[PDB]
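S.K.: Pasting a structure below so you can have a look.
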Amino acid sequence: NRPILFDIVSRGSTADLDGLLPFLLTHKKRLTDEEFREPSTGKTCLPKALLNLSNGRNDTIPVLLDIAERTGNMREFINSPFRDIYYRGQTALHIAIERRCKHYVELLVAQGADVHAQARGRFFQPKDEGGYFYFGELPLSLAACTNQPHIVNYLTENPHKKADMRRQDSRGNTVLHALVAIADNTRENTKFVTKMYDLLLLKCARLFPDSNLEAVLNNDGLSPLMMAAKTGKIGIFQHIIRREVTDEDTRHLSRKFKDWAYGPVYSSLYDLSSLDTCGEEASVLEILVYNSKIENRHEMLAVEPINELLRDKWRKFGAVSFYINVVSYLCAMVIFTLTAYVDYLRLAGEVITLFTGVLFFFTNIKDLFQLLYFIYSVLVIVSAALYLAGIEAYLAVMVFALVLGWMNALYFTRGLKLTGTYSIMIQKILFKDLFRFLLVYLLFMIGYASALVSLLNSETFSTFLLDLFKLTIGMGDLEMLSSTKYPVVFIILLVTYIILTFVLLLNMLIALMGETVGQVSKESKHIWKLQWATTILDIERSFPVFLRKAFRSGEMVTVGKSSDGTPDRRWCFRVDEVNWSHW
Amino acid sequence: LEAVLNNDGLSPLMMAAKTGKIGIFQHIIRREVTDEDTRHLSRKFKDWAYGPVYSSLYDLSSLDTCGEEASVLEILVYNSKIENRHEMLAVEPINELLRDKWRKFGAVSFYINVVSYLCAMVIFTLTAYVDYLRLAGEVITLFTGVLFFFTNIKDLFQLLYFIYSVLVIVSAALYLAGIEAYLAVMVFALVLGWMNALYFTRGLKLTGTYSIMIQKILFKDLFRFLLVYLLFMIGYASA
Amino acid sequence: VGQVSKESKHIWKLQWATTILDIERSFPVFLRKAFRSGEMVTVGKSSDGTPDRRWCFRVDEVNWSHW
Amino acid sequence: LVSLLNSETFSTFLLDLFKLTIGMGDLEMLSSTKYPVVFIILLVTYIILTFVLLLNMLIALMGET
Amino acid sequence: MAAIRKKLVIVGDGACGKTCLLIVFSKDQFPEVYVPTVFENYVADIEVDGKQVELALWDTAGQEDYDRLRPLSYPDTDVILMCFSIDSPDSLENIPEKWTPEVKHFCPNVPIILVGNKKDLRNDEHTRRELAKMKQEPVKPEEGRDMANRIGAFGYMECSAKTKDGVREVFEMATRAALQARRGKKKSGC
Ligand SMILES: Nc1nc2c(ncn2[C@@H]2O[C@H](COP(=O)(O)OP(=O)(O)O)[C@@H](O)[C@H]2O)c(=O)[nH]1
Ligand SMILES: [Mg+2]
């Protein structure tokens, strides 16, 4: 019976299988029948045999294959997938590869086993989706992921049925995508992954001269380099960016060339294909600092061709055009300041004030703490309706908005290098500590106001509250105290309340420097570059294609004669480095 | 053998946790033995592996809540008095257990306990102030204070909370009397409640450090400084 | 605060741990039993023959080093 | 603040506002205001903003500078 | 270039020729002696318009115990051939009644091709006499056309396994429909 066969397969004893074929032929049963398969997952005999091995050797496999060929169900026998959601789609070849049995992998390949079978069960998804191990759901990608080069070589060089390296799964990821996915920042992992990546790329180049594997994209539309940048896998991204290959036939696949040297000074070209602004395709630099959500983002800018690109951009826009954007808000602030205040000219400027607010809102909607700026734009609106009405409350709206504008000036300070750290520190304090401290203090103050009211024994509370604020200033006299049923208790409390409000706020400053600014102090320089980078990117985004094309960084270079014969002309950005060591 | 207990009722693992002997406790928790006959004596088993990912079981016998026997985790953070207590939580099966607990209660149920004190604060705030409904709420105010005291006595800076509960009591007797001094008692208690809100802030991750820092300053430095300053001020007043 | 600054993260976990413990203590045995962490697993056949069934909490760890 | 009150009228306000920062001077401006209700919150808010930004300077000075 | 894998599944009443229809498509040889209850784990190569597609053909039967396991063949389905028999009118009316709700329940927003098999038998004297015994007639093409529009069918064709008539075109349209990636989403949440 099925349990007996499963136990026999578990032991590995070929002798116990004797007589199986006569039984099956007499009963006209198949090894893929439901009875023999395990109902829970559809598991067949061969997976059970593969999962158990004695010193990596199981003698039942050939007999199982022989009887499966005898009955004539070998195709169904080897292609039978698991149907459980947990292990959906798994086949014998997946187990054979996972167990590092080269000879068994070769045997299964020789016996017509499907080589493009997918395993899309929930156990094979990424961590985010609840799965445990993700490798691309292909046997070739599985072999590549688990550091098994011989199996990759065999699968790609077998005579019976080769496995196209370009094959894509349901997600659209190719083998390179999976390699990027499983990589991490640990040194050994990055080393092995890089070696596997280079071997795979060269093999694909030899097999497919016309095509370029990295060009292939997934359903989401990511190239391996772009995904590596997004997900934060630093090592593989750095290796992909500085790929250099000596082989002449595959020279076009590498990125960083070396043009000339004059002794201790070298000048090496780099490749900005899919790495620069004003390009229709997504930019790696842009996605690295727009939707990265990577904890290693700060270290991703240290790469040679990445860091310098921003300085070259800095010359064009950074240091010369920040003035203009700053000045625009200064002029808008003046136009608004004229509000409170040549009647015709004054009215024209008054119209210009509403126009400037509307322009700020129009560019705000296009761009979408810009929610603060959104609040400013929101507040501008009500004034026009109430001004047409003649209502008297439009002044309050204008007050809120005006103070918001002068406060927005701080955002302009942030862009400049000198004030870049101070502005960000002020904002962080206002958001992390200051916000929570104010939130708590407001409720505490309201409750203590109620306590003071009780001691005095809505309007009676309003007078007390306003005069208590004056008391905090100290200008106001103690009118409340005189009209109190029990001042003796209140007097100590009133001093105590002031101490508690102040001392908790005094602690905030101590809390801010270490608890909140402790991490800011260390990473401020990295954050400032990020802040500078985001500001630089927005300037280029605003300019239209013609304006962007005016200042495409780097110089076009014909790296060398291509296979077609027309030299490959990447847009390259030269990098100059000198090094006395070596020759 | 490990089952055997002393007169005090401690197993070797529990005593190791209490006294702070880190190394033996870590070794006892992650004991793995290859021998088949003695396999049942070890704790951490390994169920399956699929390549570079492994999933190993652990043993929570005498290491989890809702157990009649004393919990090692509970005694490690209730009566430890160990200078290495912070390093005892780094052990693999110890640290993760709290995150698994965190999903069930930590991140979803802290709101409710916080909100209970907020509602009690509102009920009390109604004190100073539909006559029948208002009187019912007034009774609810004393009931809420009494409930806070009843749960306080059961739990025993909860001595501050005890002070709040203590102060609630006098008000009922004086309210029946009609005396005029119950207001002072209510004032003390009301300010104590709004201050207690800080304890609710402490639980949240965002305010967890700020609340504790404020308390520590109020206890270590602020307390002694105020104590000295009061006497200095009295003497200078005499001068 | 010199010692508080260094050990605040450790203290916060302790503070978090104490708060978590009190919540479970309040709930009665039935409520606690509702959310016993881990999954019951029969580790293996015991000497008696009935498999030993400890209440086990699985831990997932990956490691490239070794095989 | 001048707009809320609704050159010399600004000079009086400015000098008395400096006195207000000191606290010796009385709130003469507030009495002569078309919309004090909005101003009252703002006047406190303005003082907080001036001081808190200056308070941050001390924090900025010790570490950043 | 690089073959794209598309999953095709056939659902229909028994004895309407589903297994035979796939079999003729697979080896182009009518089995005159032995027909398995199900034809599984086969992938066929087809090119329609400049694209090479590997079509994985699943098969569902419900004679005995297969109905319990039928649902777990639906996941990750790319295209469906809902099949019925032209020489058996009883098959048609059950499609809207029972077959459609199950298909929609387990796998919605999937293309469906409603097909009627064995066009030869509608003109057969034996089948015509048998249906006339109950005052019935073979399923008219008009009824099939109306049904296809009624239940949102992608296309309606007719097959003949014995004569190998229209099989290539039917599966050609099936994969053409499969290659379309639906239309985004409808009434998606925010
Ligand atoms: N004469 C004739 N018989 C057919 C044809 N196609 C199918 N059949 C008959 O239909 C019977 C069952 O069809 P089958 O493949 O089992 O359909 P299924 O039960 O849905 O899988 C077979 O025994 C065939 O003889 C055809 O084109 N001509
Ligand atoms: Mg069949």
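Chain labels follow the order of the structure tokens: the first chain is A, the next B, and so on; residue numbering restarts at 1 in every chain, and ligands are counted from 1 in their shown order.
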What's around stretch 95-105 of chain B at 10 Å? Count only C-alpha atoms, leave out sequence neighbours fewer than 6 positions away in its own chain, and write the answer as a VMD selection string.

M.R.: (chain B and resid 60 63 to 64 73 88 to 89 111) or (chain C and resid 13 16 to 17 20 to 21 23 to 24 35 to 38 57 to 59)

S.K.: Let me see the file: selected residues, N, CA, C and O atoms, as a tab-separated table (two decimals), in the first residue's frame.

M.R.:
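Saved the output as result_25.tsv:
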```
chain	number	residue	atom	x	y	z
B	60	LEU	N	9.20	26.31	25.11
B	60	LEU	CA	8.64	27.32	25.99
B	60	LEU	C	8.11	26.73	27.29
B	60	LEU	O	7.41	27.42	28.03
B	63	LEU	N	8.66	28.88	30.32
B	63	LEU	CA	9.21	30.12	29.78
B	63	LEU	C	8.15	31.04	29.20
B	63	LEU	O	8.49	31.95	28.43
B	64	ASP	N	6.87	30.85	29.54
B	64	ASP	CA	5.81	31.61	28.90
B	64	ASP	C	4.76	32.00	29.92
B	64	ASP	O	4.67	31.44	31.01
B	73	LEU	N	10.63	34.22	32.13
B	73	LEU	CA	10.58	35.58	31.61
B	73	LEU	C	10.03	36.55	32.65
B	73	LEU	O	10.52	37.68	32.78
B	88	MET	N	20.29	39.82	29.41
B	88	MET	CA	19.56	38.56	29.44
B	88	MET	C	18.45	38.50	28.40
B	88	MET	O	18.02	37.41	28.03
B	89	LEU	N	17.97	39.66	27.92
B	89	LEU	CA	16.92	39.70	26.91
B	89	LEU	C	17.45	39.47	25.50
B	89	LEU	O	16.65	39.27	24.59
B	111	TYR	N	-3.76	51.27	23.11
B	111	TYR	CA	-4.76	52.31	22.94
B	111	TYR	C	-5.85	52.22	23.99
B	111	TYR	O	-6.27	53.23	24.55
C	13	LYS	N	13.12	48.87	26.30
C	13	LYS	CA	12.66	47.49	26.16
C	13	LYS	C	12.17	46.95	27.49
C	13	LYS	O	11.12	46.29	27.56
C	16	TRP	N	8.94	48.60	28.09
C	16	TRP	CA	7.96	47.95	27.23
C	16	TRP	C	7.62	46.56	27.74
C	16	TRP	O	6.45	46.15	27.73
C	17	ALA	N	8.62	45.82	28.20
C	17	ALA	CA	8.38	44.46	28.68
C	17	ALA	C	7.48	44.46	29.91
C	17	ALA	O	6.53	43.66	29.98
C	20	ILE	N	3.94	45.14	28.86
C	20	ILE	CA	3.36	43.99	28.17
C	20	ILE	C	2.94	42.93	29.18
C	20	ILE	O	1.87	42.31	29.05
C	21	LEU	N	3.78	42.69	30.19
C	21	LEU	CA	3.48	41.66	31.17
C	21	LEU	C	2.21	41.97	31.95
C	21	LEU	O	1.40	41.07	32.21
C	23	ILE	N	-0.43	43.57	31.05
C	23	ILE	CA	-1.63	43.33	30.25
C	23	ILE	C	-2.03	41.86	30.33
C	23	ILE	O	-3.21	41.53	30.53
C	24	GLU	N	-1.06	40.96	30.16
C	24	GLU	CA	-1.36	39.53	30.20
C	24	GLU	C	-1.79	39.09	31.59
C	24	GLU	O	-2.66	38.23	31.74
C	35	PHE	N	-4.43	33.36	23.48
C	35	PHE	CA	-3.27	33.86	22.76
C	35	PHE	C	-1.96	33.30	23.30
C	35	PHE	O	-0.97	34.02	23.44
C	36	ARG	N	-1.92	32.01	23.62
C	36	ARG	CA	-0.64	31.38	23.93
C	36	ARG	C	0.21	31.35	22.67
C	36	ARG	O	-0.18	30.77	21.66
C	37	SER	N	1.38	31.98	22.74
C	37	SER	CA	2.22	32.09	21.55
C	37	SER	C	2.86	30.75	21.22
C	37	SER	O	2.91	29.83	22.05
C	38	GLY	N	3.35	30.65	19.99
C	38	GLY	CA	3.91	29.41	19.50
C	38	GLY	C	2.84	28.45	19.02
C	38	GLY	O	1.63	28.68	19.13
C	57	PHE	N	7.90	27.49	20.00
C	57	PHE	CA	7.85	28.76	19.29
C	57	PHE	C	8.93	28.74	18.22
C	57	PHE	O	10.12	28.81	18.54
C	58	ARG	N	8.52	28.65	16.96
C	58	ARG	CA	9.47	28.55	15.86
C	58	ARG	C	10.26	29.84	15.71
C	58	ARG	O	9.73	30.94	15.90
C	59	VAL	N	11.54	29.71	15.37
C	59	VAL	CA	12.41	30.85	15.11
C	59	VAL	C	13.07	30.65	13.75
C	59	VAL	O	13.64	29.58	13.48
```

S.K.: Residues up to 7 Å from ligand 2, counting only C-alpha atoms and all ligand atoms: could you list those as number ranges by chain?

M.R.: E: 18-19, 36-38, 61

S.K.: Go ahead and write the residues just picked, N, CA, C and O atoms, as a CSV table (one decimal), in the first residue's frame.

M.R.:
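What ended up in out_16.csv:
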```csv
chain,number,residue,atom,x,y,z
E,18,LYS,N,-13.7,16.9,-24.2
E,18,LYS,CA,-12.7,17.7,-23.7
E,18,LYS,C,-11.3,17.0,-23.8
E,18,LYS,O,-10.4,17.6,-24.4
E,19,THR,N,-11.2,15.8,-23.2
E,19,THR,CA,-10.0,15.1,-23.2
E,19,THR,C,-9.6,14.8,-24.7
E,19,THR,O,-8.4,14.9,-25.0
E,36,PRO,N,-7.5,8.3,-21.9
E,36,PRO,CA,-7.5,8.6,-20.4
E,36,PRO,C,-8.6,9.5,-20.0
E,36,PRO,O,-9.1,10.3,-20.7
E,37,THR,N,-9.0,9.3,-18.7
E,37,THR,CA,-10.0,10.2,-18.1
E,37,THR,C,-9.6,11.7,-18.2
E,37,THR,O,-10.4,12.6,-18.2
E,38,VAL,N,-8.2,11.9,-18.1
E,38,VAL,CA,-7.7,13.3,-18.1
E,38,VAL,C,-6.4,13.3,-18.8
E,38,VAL,O,-5.6,12.3,-18.7
E,61,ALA,N,-12.0,16.7,-15.0
E,61,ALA,CA,-13.1,15.7,-15.1
E,61,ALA,C,-13.8,15.6,-13.7
E,61,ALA,O,-13.3,16.0,-12.7
```

S.K.: Do you know which residues are at most 9 Å from residue E:171 counting only C-alpha atoms, after dropping those on the same chain fewer than 6 positions away, and could you put them as a PyMOL selection string?

M.R.: chain E and resi 25+46+81

S.K.: Residues at most 8 Å from stretch 126-142 of chain E, counting only C-alpha atoms, excluding those fewer than 6 positions away in the same chain, as a ChimeraX atom specification?

M.R.: /E:86-89,92

S.K.: Taking only C-alpha atoms into account, report as a count of residues only which residues of chain A lie within 12 Å of chain C.

M.R.: 31

S.K.: So that each row is one residue of chain E with an atom at most 10 Å from ligand 1, can you give its shortest atom pair and the distance in Å to one decimal, using only C-alpha atoms and all ligand atoms, rows by chain and rising number, as CSV?

M.R.:
```
residue,atom,partner,partner_atom_place_in_ligand_line,distance
E:10,CA,ligand 1,20 (O),8.8
E:11,CA,ligand 1,20 (O),8.1
E:12,CA,ligand 1,20 (O),6.3
E:13,CA,ligand 1,20 (O),6.0
E:14,CA,ligand 1,19 (O),4.0
E:15,CA,ligand 1,19 (O),3.6
E:16,CA,ligand 1,20 (O),4.6
E:17,CA,ligand 1,17 (O),3.1
E:18,CA,ligand 1,20 (O),4.0
E:19,CA,ligand 1,21 (O),3.7
E:20,CA,ligand 1,15 (O),3.7
E:21,CA,ligand 1,15 (O),6.6
E:22,CA,ligand 1,15 (O),8.2
E:23,CA,ligand 1,15 (O),8.0
E:24,CA,ligand 1,6 (N),9.2
E:30,CA,ligand 1,27 (O),8.6
E:31,CA,ligand 1,24 (C),8.7
E:32,CA,ligand 1,25 (O),7.5
E:33,CA,ligand 1,23 (O),8.7
E:34,CA,ligand 1,23 (O),8.4
E:35,CA,ligand 1,16 (O),6.6
E:36,CA,ligand 1,16 (O),7.4
E:37,CA,ligand 1,21 (O),5.9
E:38,CA,ligand 1,21 (O),6.3
E:39,CA,ligand 1,21 (O),8.3
E:59,CA,ligand 1,21 (O),7.8
E:60,CA,ligand 1,21 (O),7.8
E:61,CA,ligand 1,21 (O),6.4
E:62,CA,ligand 1,19 (O),8.6
E:63,CA,ligand 1,19 (O),8.3
E:83,CA,ligand 1,20 (O),8.1
E:84,CA,ligand 1,20 (O),8.3
E:85,CA,ligand 1,20 (O),9.1
E:117,CA,ligand 1,6 (N),7.2
E:118,CA,ligand 1,27 (O),4.8
E:119,CA,ligand 1,27 (O),7.7
E:120,CA,ligand 1,27 (O),7.0
E:121,CA,ligand 1,1 (N),7.1
E:124,CA,ligand 1,1 (N),9.7
E:159,CA,ligand 1,27 (O),7.7
E:160,CA,ligand 1,27 (O),4.4
E:161,CA,ligand 1,27 (O),3.7
E:162,CA,ligand 1,27 (O),3.4
E:163,CA,ligand 1,27 (O),6.2
E:164,CA,ligand 1,27 (O),7.5
E:165,CA,ligand 1,27 (O),8.8
```

S.K.: So that I can see what lies close to residue E:2, please list as a VMD selection string the residues with an atom at most 8 Å from it, counting only C-alpha atoms and leaving out residues fewer than 5 positions away in the same chain.

M.R.: (chain A and resid 164 166 to 167) or (chain E and resid 52)

S.K.: Those same residues - N, CA and C atoms - I'd like them written as a tab-separated table (two decimals), in the first residue's frame.

M.R.:
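Printed below is again.tsv as written:
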```tsv
chain	number	residue	atom	x	y	z
A	164	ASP	N	16.42	28.46	-21.49
A	164	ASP	CA	16.69	29.83	-21.91
A	164	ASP	C	16.93	30.72	-20.70
A	166	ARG	N	16.83	33.87	-20.67
A	166	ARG	CA	15.93	35.01	-20.75
A	166	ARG	C	14.55	34.71	-20.19
A	167	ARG	N	14.28	33.46	-19.82
A	167	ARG	CA	12.94	33.09	-19.40
A	167	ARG	C	12.50	33.94	-18.22
E	52	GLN	N	5.94	33.37	-29.76
E	52	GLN	CA	6.00	31.94	-29.48
E	52	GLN	C	5.50	31.72	-28.06
```

S.K.: Once DSSP has gone over the backbone, tell me which residues of stretch 13-146 of chain E are in helix (DSSP H, G or I), as a VMD selection string.

M.R.: chain E and resid 18 to 27 66 to 73 90 to 106 119 to 123 125 to 133 141 to 146

S.K.: For residue E:47, work out the shell of residues within 10 Å, counting only C-alpha atoms and skipping chain neighbours fewer than 3 positions away, then give it as a ChimeraX atom specification.

M.R.: /E:3,50-54,172,175-176

S.K.: So that I can check the surroundings of stretch 44-56 of chain A, please list as a PyMOL selection string every protein, DNA and RNA residue that reaches within 7 Å of it, counting only C-alpha atoms and ignoring chain neighbours fewer than 6 positions away.

M.R.: chain A and resi 6+9-10+32+36-38+92+95-96+101

S.K.: Compute the set of chain A residues within 9 Å of chain B, using only C-alpha atoms, and express it as JSON, numbers by chain.

M.R.: {"A": [98, 99, 132, 133, 146, 432, 433, 436, 440, 443, 444, 447, 448, 450, 451, 452, 453, 454, 455, 457, 486, 489, 490, 493, 497, 503, 504, 507, 508, 511, 515]}

S.K.: What's the separation between atom CA of residue A:124 and atom CA of residue A:137, in Å to one decimal place?

M.R.: 7.4 Å

S.K.: Please indicate the distance in Å from atom CA of residue B:203 to atom CA of residue C:15, rounded to one decimal place.

M.R.: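 Atom CA of residue C:15 lies at a distance of 7.3 Å from atom CA of residue B:203.
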
S.K.: Please return, as a ChimeraX atom specification, all residues of chain A lying within 10 Å of chain E when only C-alpha atoms are considered.

M.R.: /A:34,39,75-81,83-85,88,114,116-118,120,164-170,211

S.K.: Identify all chain A residues at most 10 Å from chain D by counting only C-alpha atoms; ligands do not count. Present them as an MDAnalysis selection string.

M.R.: chainID A and resid 337 339:341 392:393 395:400 403 407 421:423 425:426 429:430 434 466 469:470 473:476 509:510 512:513 517:518 521 524

S.K.: By how many Å are atom CA of residue A:401 and atom CA of residue A:330 apart?

M.R.: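 Those two atoms sit 14.8 Å apart.
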
S.K.: Report as a PDB file with C-alpha atoms, in the first residue's frame: the residues of stretch 259-385 of chain A with a DSSP assignment of strand (DSSP E), based on the backbone of this structure.

M.R.:
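result33.pdb, freshly written:
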```pdb
ATOM      1  CA  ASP A 259      40.757  56.165 -21.967  1.00  0.00           C
ATOM      2  CA  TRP A 260      44.355  57.206 -21.286  1.00  0.00           C
ATOM      3  CA  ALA A 261      47.048  57.528 -18.637  1.00  0.00           C
ATOM      4  CA  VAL A 265      47.271  60.269 -13.318  1.00  0.00           C
ATOM      5  CA  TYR A 266      44.528  58.134 -14.878  1.00  0.00           C
ATOM      6  CA  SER A 267      41.237  59.176 -16.463  1.00  0.00           C
ATOM      7  CA  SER A 268      38.600  56.465 -16.767  1.00  0.00           C
TER       8      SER A 268
END
```
